[PDB]
Amino acid sequence: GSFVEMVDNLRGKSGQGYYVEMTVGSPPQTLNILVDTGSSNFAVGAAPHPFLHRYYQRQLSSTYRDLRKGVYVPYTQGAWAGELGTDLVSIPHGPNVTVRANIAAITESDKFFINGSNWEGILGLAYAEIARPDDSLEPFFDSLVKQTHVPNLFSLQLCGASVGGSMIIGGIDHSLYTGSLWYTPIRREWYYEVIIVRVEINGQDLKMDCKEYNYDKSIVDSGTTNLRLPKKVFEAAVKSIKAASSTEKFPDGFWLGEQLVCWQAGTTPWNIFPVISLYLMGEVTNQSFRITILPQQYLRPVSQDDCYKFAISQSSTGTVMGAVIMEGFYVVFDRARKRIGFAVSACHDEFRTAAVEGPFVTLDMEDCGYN
Ligand SMILES: C[C@@H](CN)Oc1cccc(CN2CCC3(CC2)C(NC2CCCCC2)=NC(=O)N3c2cccc(F)c2)c1
């Protein structure tokens, strides 16, 4: 247990993301920061906002250096605008180091911050290629590795339903997982891009061309709540999940995330819903492994009734393995060896468990990738 002080350093609210404490500036200003492997900017709320309990006050930080350049980050669901600068940054429940990092001071935003989420900023852990304004703005993790001896790796244990978890920086904590860690290559260093080679619903192959699973990319994203699937894959997966859960019928809108279904406290029939398996490309020629998720992961909780939302949704920008997928596992972002590791999380029911299994023989896996 050498990484013991980093265990349980994450907090959150169901479907509102996981956040870590980060200390910025001099004297110290500690804020709650969203852990986001799907973006590459370190950015903090820097002006009052109704959804913010606290914000970064640059005038109070003697070490703050204004880069005198604006930054704008737009997404489909929201956006933010701010000012670029650099300041001293430490993670009190993270590595024992202090770095000078790029920081975007968010002055205006639209549908970005979440009311009651308890976080005031975002830590983009992906690579420089997708940083804004461009790839010359060094991401936080790159600054960390360049300025210190911290090994070029981090790992995440996101615990599902108030939520908690651990972000281990510079290593792997063996108390956070059971069984073996199975690695999939990082195809390209921009998002944490991976290759899905096969999909099963209750052991039944979806039988789609594997190029469709990765069209136009498949990413591992701690900042996205859902498992997001390309339209054609989503349609086939829903059709298969509906057929496997036919002991009870649900309205069409439930599968589209438009309708919620609620059950009396402790009566959710988890047993009627299928398990879902995603096969990932392994580290050896023709070898793959699979990660299996339970309905406890893909039906997320939103009194006497437990309300759930179907947390598999459609995408037009590739597959997104969000918190739905990550919650069943201990996930290792091995940047040094360009690979992502999965193991069963130390954080299910009496009949089934999330699993990481292999090896399997899968031929022509290279044909599954989009070019
Ligand atoms: C925790 C999550 C719960 N919905 O809320 C947030 C809020 C802010 C940021 C993030 C991280 N994160 C920011 C980026 C994200 C996902 C979540 C996105 N990513 C795409 C990029 C292209 C490839 C596929 C993935 N598209 C969106 O519209 N997003 C978004 C979602 C919600 C709000 C938003 F402003 C942007 C998540």
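FYI, the numbering just counts along the sequence from 1. For ligands, and for the atoms within them, numbers begin at 1 and follow the listed sequence.
In this pair, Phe141 and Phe154 present their aromatic rings tilted. The plane angle is within the 30 to 60° band. Ring geometry, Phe51 versus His49: the interplanar angle exceeds 60°, so the pair is classed perpendicular (tilted spans 30 to 60°).
Side-chain atoms of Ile172 and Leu153, non-hydrogen and from C-beta on, do get closer than 4.5 Å to each other.
Judged by distance alone, the side chain of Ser345 and the main-chain N or O of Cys347 form a donor-acceptor pair under 3.5 Å.
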Please tabulate, one line per pair, the protein nitrogen or oxygen atoms found under 3.5 angstrom from a nitrogen or oxygen of ligand 1, with distances to 0.1 Å, or say none if there are no such pairs.
residue  : atom   : partner : partner atom : Å
ligand 1 : 28 (O) : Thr76   : N            : 3.4
ligand 1 : 28 (O) : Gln77   : N            : 2.9

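Ring centers of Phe250 and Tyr308: at least 6.0 Å apart, outside the cut-off.
With sequence neighbours excluded, the residues that form a salt bridge (charged side-chain N to carboxylate O under 4.0 Å, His left out) with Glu283 are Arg339.
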